[PDB]
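Visitor: Have a peek at input09.cif (mmCIF, C-alpha atoms and all ligand atoms).
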```
data_query
loop_
_atom_site.label_atom_id
_atom_site.label_comp_id
_atom_site.auth_asym_id
_atom_site.auth_seq_id
_atom_site.Cartn_x
_atom_site.Cartn_y
_atom_site.Cartn_z
CA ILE A 1 -15.25 -1.53 6.18
CA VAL A 2 -18.59 0.14 6.84
CA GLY A 3 -19.04 3.52 8.50
CA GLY A 4 -15.29 3.95 8.60
CA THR A 5 -12.87 6.60 7.42
CA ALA A 6 -9.68 6.89 5.37
CA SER A 7 -6.60 5.69 7.24
CA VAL A 8 -3.44 7.79 7.60
CA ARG A 9 -0.46 6.45 5.67
CA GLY A 10 1.62 4.21 7.94
CA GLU A 11 -1.05 4.22 10.66
CA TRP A 12 -1.50 0.42 10.58
CA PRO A 13 2.00 -0.82 9.57
CA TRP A 14 1.14 -4.48 10.29
CA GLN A 15 -1.81 -4.46 7.86
CA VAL A 16 -1.12 -6.18 4.55
CA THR A 17 -3.26 -6.71 1.47
CA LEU A 18 -3.26 -10.27 0.17
CA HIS A 19 -3.59 -10.59 -3.59
CA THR A 20 -4.51 -13.37 -5.97
CA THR A 21 -3.26 -13.57 -9.56
CA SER A 22 -6.06 -15.81 -10.77
CA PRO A 23 -7.67 -15.34 -12.99
CA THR A 24 -6.36 -11.78 -12.97
CA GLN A 25 -4.76 -9.91 -10.05
CA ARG A 26 -7.03 -8.59 -7.27
CA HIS A 27 -7.25 -8.05 -3.52
CA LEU A 28 -8.34 -11.25 -1.78
CA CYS A 29 -8.03 -10.64 1.95
CA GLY A 30 -6.39 -8.59 4.65
CA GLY A 31 -3.68 -9.93 6.94
CA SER A 32 -1.27 -8.95 9.72
CA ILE A 33 2.52 -9.02 9.92
CA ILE A 34 3.39 -10.85 13.15
CA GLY A 35 6.91 -11.98 12.25
CA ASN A 36 9.61 -11.12 9.70
CA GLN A 37 8.43 -14.03 7.56
CA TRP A 38 4.90 -14.46 8.88
CA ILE A 39 1.45 -13.12 8.07
CA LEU A 40 -1.50 -14.04 10.31
CA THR A 41 -4.82 -14.12 8.48
CA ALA A 42 -8.13 -15.99 8.13
CA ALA A 43 -8.37 -19.57 6.90
CA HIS A 44 -11.58 -19.16 4.96
CA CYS A 45 -9.66 -16.75 2.74
CA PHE A 46 -8.11 -19.68 0.93
CA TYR A 47 -11.19 -21.29 -0.44
CA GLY A 48 -10.41 -22.60 -3.94
CA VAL A 49 -6.74 -21.78 -3.42
CA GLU A 50 -4.78 -24.91 -4.36
CA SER A 51 -1.36 -23.30 -4.55
CA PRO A 52 0.47 -20.56 -2.64
CA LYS A 53 2.03 -19.66 -6.00
CA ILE A 54 -0.93 -17.49 -7.01
CA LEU A 55 -0.62 -15.40 -3.84
CA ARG A 56 1.07 -12.02 -3.44
CA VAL A 57 1.46 -10.14 -0.16
CA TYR A 58 1.87 -6.37 -0.26
CA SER A 59 3.05 -4.46 2.80
CA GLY A 60 3.27 -0.73 3.50
CA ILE A 61 0.22 -0.02 1.34
CA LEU A 62 -2.40 2.68 1.92
CA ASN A 63 -4.05 2.80 -1.50
CA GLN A 64 -4.62 -0.15 -3.79
CA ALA A 65 -3.62 2.21 -6.61
CA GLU A 66 -0.03 2.02 -5.35
CA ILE A 67 0.01 -1.59 -6.51
CA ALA A 68 1.09 -1.98 -10.14
CA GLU A 69 2.73 -4.61 -12.35
CA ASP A 70 6.15 -3.42 -11.22
CA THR A 71 5.36 -2.91 -7.53
CA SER A 72 7.33 -5.32 -5.34
CA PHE A 73 5.63 -7.95 -3.20
CA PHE A 74 6.24 -10.94 -0.95
CA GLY A 75 5.78 -14.39 -2.39
CA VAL A 76 4.08 -17.05 -0.28
CA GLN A 77 6.10 -20.19 0.41
CA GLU A 78 3.48 -21.98 2.47
CA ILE A 79 -0.13 -21.63 3.56
CA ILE A 80 -0.75 -23.07 7.03
CA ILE A 81 -4.40 -23.56 7.94
CA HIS A 82 -5.50 -24.77 11.39
CA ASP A 83 -6.18 -28.52 11.10
CA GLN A 84 -9.49 -28.08 12.92
CA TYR A 85 -10.80 -25.39 10.56
CA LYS A 86 -13.91 -26.32 8.53
CA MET A 87 -15.65 -22.99 7.99
CA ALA A 88 -15.52 -19.46 9.39
CA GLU A 89 -18.78 -19.72 11.35
CA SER A 90 -17.52 -22.86 13.13
CA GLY A 91 -14.34 -21.29 14.45
CA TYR A 92 -10.63 -22.02 14.07
CA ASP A 93 -10.66 -19.44 11.27
CA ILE A 94 -6.95 -18.76 11.34
CA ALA A 95 -4.04 -19.35 9.00
CA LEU A 96 -0.37 -18.49 8.67
CA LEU A 97 1.37 -17.46 5.48
CA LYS A 98 5.08 -18.21 5.44
CA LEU A 99 6.72 -15.69 3.10
CA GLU A 100 9.37 -16.64 0.57
CA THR A 101 11.52 -13.75 1.75
CA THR A 102 11.89 -11.71 4.94
CA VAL A 103 10.19 -8.37 5.56
CA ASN A 104 12.57 -5.52 6.34
CA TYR A 105 10.80 -3.54 9.04
CA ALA A 106 10.39 0.21 8.71
CA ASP A 107 7.92 2.93 9.66
CA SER A 108 5.65 1.68 6.86
CA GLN A 109 5.80 -2.03 7.68
CA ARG A 110 6.33 -3.54 11.13
CA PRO A 111 4.84 -6.41 13.18
CA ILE A 112 1.98 -6.18 15.66
CA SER A 113 2.41 -7.83 19.06
CA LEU A 114 0.25 -10.82 19.96
CA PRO A 115 -2.00 -10.67 23.11
CA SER A 116 -0.67 -12.16 26.30
CA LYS A 117 -2.58 -14.99 27.99
CA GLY A 118 -2.50 -12.73 31.02
CA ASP A 119 -4.32 -10.15 28.95
CA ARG A 120 -7.41 -12.28 28.62
CA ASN A 121 -8.75 -10.21 31.49
CA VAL A 122 -7.65 -6.85 30.09
CA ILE A 123 -10.44 -4.46 29.14
CA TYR A 124 -9.78 -3.21 25.61
CA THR A 125 -11.47 0.16 25.14
CA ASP A 126 -9.60 1.36 22.05
CA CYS A 127 -10.18 -1.22 19.34
CA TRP A 128 -10.13 -0.65 15.57
CA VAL A 129 -10.92 -2.86 12.57
CA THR A 130 -9.23 -2.03 9.26
CA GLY A 131 -9.33 -3.08 5.62
CA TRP A 132 -10.03 -2.44 1.94
CA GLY A 133 -13.29 -4.35 2.22
CA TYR A 134 -16.82 -3.40 1.26
CA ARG A 135 -18.24 -0.18 2.63
CA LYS A 136 -21.60 -1.88 2.14
CA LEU A 137 -23.23 -5.02 0.77
CA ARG A 138 -23.03 -5.53 -2.99
CA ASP A 139 -20.16 -3.06 -3.00
CA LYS A 140 -16.53 -3.43 -4.06
CA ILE A 141 -12.94 -3.36 -2.86
CA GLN A 142 -11.97 0.12 -1.65
CA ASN A 143 -8.88 2.01 -2.81
CA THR A 144 -7.94 3.62 0.50
CA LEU A 145 -7.45 1.48 3.62
CA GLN A 146 -10.41 2.22 5.87
CA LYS A 147 -10.53 2.24 9.66
CA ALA A 148 -13.34 2.10 12.20
CA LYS A 149 -13.30 2.19 15.99
CA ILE A 150 -15.57 -0.50 17.38
CA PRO A 151 -16.29 -1.62 20.95
CA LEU A 152 -15.83 -5.23 21.99
CA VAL A 153 -18.96 -7.01 23.19
CA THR A 154 -19.07 -9.86 25.72
CA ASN A 155 -19.43 -13.39 24.39
CA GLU A 156 -22.70 -13.63 26.35
CA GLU A 157 -24.15 -10.64 24.50
CA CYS A 158 -22.83 -11.91 21.17
CA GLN A 159 -24.42 -15.32 21.64
CA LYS A 160 -27.76 -13.56 22.09
CA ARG A 161 -27.35 -11.99 18.64
CA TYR A 162 -26.52 -15.28 16.91
CA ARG A 163 -28.92 -17.81 18.41
CA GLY A 164 -28.37 -20.01 15.37
CA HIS A 165 -24.63 -20.32 16.08
CA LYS A 166 -22.30 -21.23 18.88
CA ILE A 167 -20.12 -18.26 19.81
CA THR A 168 -17.20 -20.03 21.49
CA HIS A 169 -14.50 -18.60 23.75
CA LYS A 170 -12.26 -18.89 20.71
CA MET A 171 -14.27 -16.11 19.09
CA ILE A 172 -14.61 -12.47 20.05
CA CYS A 173 -17.26 -10.05 18.79
CA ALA A 174 -17.32 -6.31 18.24
CA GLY A 175 -20.02 -3.90 17.17
CA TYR A 176 -22.55 -1.24 18.11
CA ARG A 177 -26.00 -2.34 19.25
CA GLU A 178 -27.40 0.04 16.66
CA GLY A 179 -24.91 -1.18 14.05
CA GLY A 180 -23.42 1.27 11.55
CA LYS A 181 -19.71 0.43 11.87
CA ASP A 182 -18.30 -2.99 11.08
CA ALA A 183 -16.02 -5.04 8.86
CA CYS A 184 -17.44 -6.34 5.56
CA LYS A 185 -16.55 -8.52 2.56
CA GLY A 186 -12.91 -8.04 1.65
CA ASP A 187 -11.83 -7.15 5.20
CA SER A 188 -11.57 -10.87 6.04
CA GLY A 189 -8.24 -11.90 7.52
CA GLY A 190 -7.84 -8.31 8.63
CA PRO A 191 -6.59 -7.42 12.13
CA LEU A 192 -8.74 -6.17 14.99
CA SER A 193 -6.12 -3.98 16.66
CA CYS A 194 -6.53 -2.79 20.24
CA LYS A 195 -4.20 -0.28 21.84
CA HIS A 196 -3.59 -1.07 25.48
CA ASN A 197 -1.16 0.95 27.55
CA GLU A 198 0.50 2.53 24.54
CA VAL A 199 0.94 -0.83 22.85
CA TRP A 200 -1.05 -2.29 19.98
CA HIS A 201 -2.25 -5.88 20.23
CA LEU A 202 -3.66 -8.22 17.60
CA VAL A 203 -6.84 -9.09 19.50
CA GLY A 204 -8.81 -10.52 16.60
CA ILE A 205 -8.91 -11.57 12.95
CA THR A 206 -11.89 -10.44 10.84
CA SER A 207 -13.87 -13.62 10.28
CA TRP A 208 -17.65 -13.37 9.74
CA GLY A 209 -20.98 -11.78 10.54
CA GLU A 210 -24.57 -11.63 9.26
CA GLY A 211 -24.45 -9.03 6.54
CA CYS A 212 -22.46 -5.95 7.50
CA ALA A 213 -23.03 -3.31 10.17
CA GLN A 214 -26.63 -4.41 10.81
CA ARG A 215 -28.20 -3.50 14.13
CA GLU A 216 -27.80 -6.22 16.76
CA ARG A 217 -25.40 -8.21 14.56
CA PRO A 218 -21.84 -7.77 15.91
CA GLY A 219 -18.89 -8.66 13.74
CA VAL A 220 -17.32 -11.97 14.72
CA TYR A 221 -13.54 -12.38 14.97
CA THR A 222 -11.05 -15.14 15.74
CA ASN A 223 -9.97 -14.68 19.36
CA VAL A 224 -6.23 -14.55 18.72
CA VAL A 225 -5.04 -15.01 22.30
CA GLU A 226 -6.57 -18.50 22.14
CA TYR A 227 -4.11 -19.39 19.36
CA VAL A 228 -0.79 -18.15 20.76
CA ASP A 229 0.35 -21.72 21.46
CA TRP A 230 -0.75 -22.79 17.97
CA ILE A 231 1.04 -19.84 16.37
CA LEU A 232 4.25 -20.64 18.29
CA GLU A 233 4.09 -24.31 17.29
CA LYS A 234 3.46 -23.57 13.60
CA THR A 235 6.12 -20.86 13.30
CA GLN A 236 8.95 -22.55 15.22
CA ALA A 237 11.08 -24.17 12.52
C1 LIG B 1 -14.37 -11.47 4.50
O1 LIG B 1 -13.89 -10.14 4.31
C2 LIG B 1 -15.77 -11.43 5.17
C3 LIG B 1 -15.82 -10.47 6.36
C4 LIG B 1 -17.20 -10.46 7.01
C5 LIG B 1 -17.25 -9.54 8.20
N1 LIG B 1 -18.62 -9.34 8.62
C6 LIG B 1 -19.00 -8.42 9.61
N2 LIG B 1 -18.17 -7.95 10.47
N3 LIG B 1 -20.34 -8.01 9.66
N4 LIG B 1 -16.07 -12.74 5.75
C7 LIG B 1 -16.90 -13.61 5.22
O2 LIG B 1 -17.51 -13.40 4.16
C8 LIG B 1 -17.10 -14.92 6.00
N5 LIG B 1 -18.46 -15.39 5.71
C9 LIG B 1 -19.56 -14.71 6.20
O3 LIG B 1 -19.44 -13.69 6.91
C10 LIG B 1 -20.87 -15.12 5.93
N6 LIG B 1 -21.98 -14.39 6.45
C11 LIG B 1 -23.30 -14.96 6.35
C12 LIG B 1 -23.90 -15.32 7.66
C13 LIG B 1 -23.11 -15.72 8.78
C14 LIG B 1 -23.74 -16.04 10.02
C15 LIG B 1 -25.14 -15.98 10.15
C16 LIG B 1 -25.91 -15.60 9.04
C17 LIG B 1 -25.29 -15.27 7.80
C18 LIG B 1 -20.98 -16.29 5.12
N7 LIG B 1 -19.93 -16.97 4.64
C19 LIG B 1 -18.69 -16.51 4.94
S1 LIG B 1 -17.39 -17.46 4.26
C20 LIG B 1 -16.54 -16.52 2.96
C21 LIG B 1 -14.40 -12.16 3.13
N8 LIG B 1 -13.96 -13.35 3.00
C22 LIG B 1 -14.09 -13.76 1.63
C23 LIG B 1 -14.64 -12.76 0.84
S2 LIG B 1 -15.00 -11.37 1.74
#
```
Output the file's structure as C-alpha cells, nothing else.
Ligand SMILES: *[C@](=O)([C]([C][C][C][N]C([N])=[N])[N]C(=O)[C]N1C(=O)C([N][C]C2=[C][C]=[C][C]=[C]2)=[C]N=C1S[C])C1=N[C]=[C]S1
Guide:
Amino acid sequence: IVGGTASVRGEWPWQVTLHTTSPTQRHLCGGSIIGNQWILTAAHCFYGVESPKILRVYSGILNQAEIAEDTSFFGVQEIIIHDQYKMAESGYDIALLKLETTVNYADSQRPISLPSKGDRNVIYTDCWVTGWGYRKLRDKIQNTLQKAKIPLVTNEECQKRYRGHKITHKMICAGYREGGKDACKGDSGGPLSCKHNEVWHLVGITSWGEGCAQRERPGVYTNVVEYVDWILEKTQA
C-alpha cells in the first residue's frame, strides 16, 4: 500500500495473508475471510499455481514477522477461479479458497459481510484498502499491515482514466485525482472495506492499476456485489 499507515492489531480481522511455499515461503496475496471455510481473493493471484498444496493462509496477522516455521496456518483444499476469468484487466478477477479446516472466529479473525444488491445505490464515504503490498514501485513486501483511506470514483470517471481499457460495471475504482494513496503489488486479492452504518462491507477486491498511486490513475477493484450470486453458488456444497 502506498501513502498508507500502520494498521492497529485486530483492526481488519477479515484480512488474511496468503503464502506460497515455492520455491521458499513468502507472501503471495491478500484475501478476505467471508465464511468459516472460505477466503475471497483475486484470481490473477494464482498464476503459475498448479496445486493448492503449496498455499498457506494465515489469519489474525498484523506483522509478517509473526509468521514462523511453527506458526499455525490454514491449508487450502481447493482453489475456485471464476470460469470467465482470463486476466485481471479484463475483469472476473475473483477466486475462492476453500480451506482444509474451519476458522474459529475471535476478535483477531472474523468474517466481513458481503454487500447487498440493494446497496448498489449506497454511497460509501468511508472506504479503506489494506495489505502488506509495496509502498512504492520496485519495492518489497511490508512487515506491518498497511491501511489507506481512499474515495470511490464513479465508473464514468474511471473510464476516462483508462481509455485503453473497458471499465465494466463489474469493476469499481478508487483513488485521489492527485494520486498519492493506493494499493500496489502484493496487495492483490486484498479487501476494499467500506464501513456503512456501523457495518463493514467487502465492496471490492484489489485487482489492478497502472503503476501505483499515480495521479489520474485510480486503483481498479473487482466489484464484489456483482458476484454475490456466484459466491453463493460456488460455496453452497
Ligand atoms: C497485486 O497486488 C497487484 C495490485 C495492483 C494494484 N494497483 C493499484 N491500485 N494502483 N495487481 C497486479 O499486479 C495486477 N496487474 C497489474 O496491475 C498490472 N498493471 C499494469 C497496467 C494495467 C493497466 C494499464 C496499464 C498498465 C499488470 N498486470 C497485472 S497481473 C499480476 C499483485 N498481484 C501479483 C503480484 S502483486
Visitor: Calculated over all atoms listed in the file, which of the candidates A:37, A:65, A:237, A:102 has the smallest distance to residue 144 of chain A?
Guide: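 Of the candidates, the smallest distance to residue 144 of chain A is held by A:65.
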Visitor: Once you count all atoms listed in the file, which residues end up within 6 Å of ligand LIG 1 (chain B), and could you hand them over as a PDB file with C-alpha atoms, keeping the file's coordinate frame?
Guide:
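Saved the output as part-v6.pdb:
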```pdb
ATOM      1  CA  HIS A  44     -11.580 -19.160   4.960  1.00  0.00           C
ATOM      2  CA  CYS A  45      -9.660 -16.750   2.740  1.00  0.00           C
ATOM      3  CA  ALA A  88     -15.520 -19.460   9.390  1.00  0.00           C
ATOM      4  CA  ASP A 182     -18.300  -2.990  11.080  1.00  0.00           C
ATOM      5  CA  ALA A 183     -16.020  -5.040   8.860  1.00  0.00           C
ATOM      6  CA  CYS A 184     -17.440  -6.340   5.560  1.00  0.00           C
ATOM      7  CA  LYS A 185     -16.550  -8.520   2.560  1.00  0.00           C
ATOM      8  CA  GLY A 186     -12.910  -8.040   1.650  1.00  0.00           C
ATOM      9  CA  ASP A 187     -11.830  -7.150   5.200  1.00  0.00           C
ATOM     10  CA  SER A 188     -11.570 -10.870   6.040  1.00  0.00           C
ATOM     11  CA  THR A 206     -11.890 -10.440  10.840  1.00  0.00           C
ATOM     12  CA  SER A 207     -13.870 -13.620  10.280  1.00  0.00           C
ATOM     13  CA  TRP A 208     -17.650 -13.370   9.740  1.00  0.00           C
ATOM     14  CA  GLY A 209     -20.980 -11.780  10.540  1.00  0.00           C
ATOM     15  CA  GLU A 210     -24.570 -11.630   9.260  1.00  0.00           C
ATOM     16  CA  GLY A 211     -24.450  -9.030   6.540  1.00  0.00           C
ATOM     17  CA  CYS A 212     -22.460  -5.950   7.500  1.00  0.00           C
ATOM     18  CA  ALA A 213     -23.030  -3.310  10.170  1.00  0.00           C
ATOM     19  CA  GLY A 219     -18.890  -8.660  13.740  1.00  0.00           C
ATOM     20  CA  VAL A 220     -17.320 -11.970  14.720  1.00  0.00           C
TER      21      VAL A 220
END
```
Visitor: Kindly give the distance, in Å, that separates atom CA of residue 216 of chain A and atom CA of residue 157 of chain A, rounded to a single decimal.
Guide: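 Those two atoms sit 9.6 Å apart.
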Visitor: I'd like the interatomic distance between atom CA of residue 70 of chain A and atom CA of residue 97 of chain A, to a tenth of an Å.
Guide: 22.3 Å
Visitor: Could you make a table, as CSV, of the residues of segment 114-138 of chain A that have an atom within 12 Å of an atom of segment 229-234 of chain A, each with its nearest atom pair and distance in Å to one decimal, counting all atoms listed in the file, in chain and number order?
Guide:
```
residue,atom,partner,partner_atom,distance
A:114,CA,A:231,CA,9.7
A:115,CA,A:229,CA,11.4
A:116,CA,A:229,CA,10.8
A:117,CA,A:229,CA,9.8
```
Visitor: At most 12 Å from (-7.5, -22.4, 7.8), file frame, all atoms listed in the file: which residues, as a ChimeraX atom specification?
Guide: /A:40-47,49,79-88,90-97,189,207,222
Visitor: Env of residue 179 of chain A: 6 Å cut, atoms = only C-alpha atoms, seq-sep filter 2 positions within chain, self excluded. Answer as a PDB file with C-alpha atoms, keeping the file's coordinate frame.
Guide:
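Dumped everything to result_36.pdb:
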```pdb
ATOM      1  CA  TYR A 176     -22.550  -1.240  18.110  1.00  0.00           C
ATOM      2  CA  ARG A 177     -26.000  -2.340  19.250  1.00  0.00           C
ATOM      3  CA  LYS A 181     -19.710   0.430  11.870  1.00  0.00           C
ATOM      4  CA  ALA A 213     -23.030  -3.310  10.170  1.00  0.00           C
ATOM      5  CA  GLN A 214     -26.630  -4.410  10.810  1.00  0.00           C
ATOM      6  CA  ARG A 215     -28.200  -3.500  14.130  1.00  0.00           C
TER       7      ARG A 215
END
```
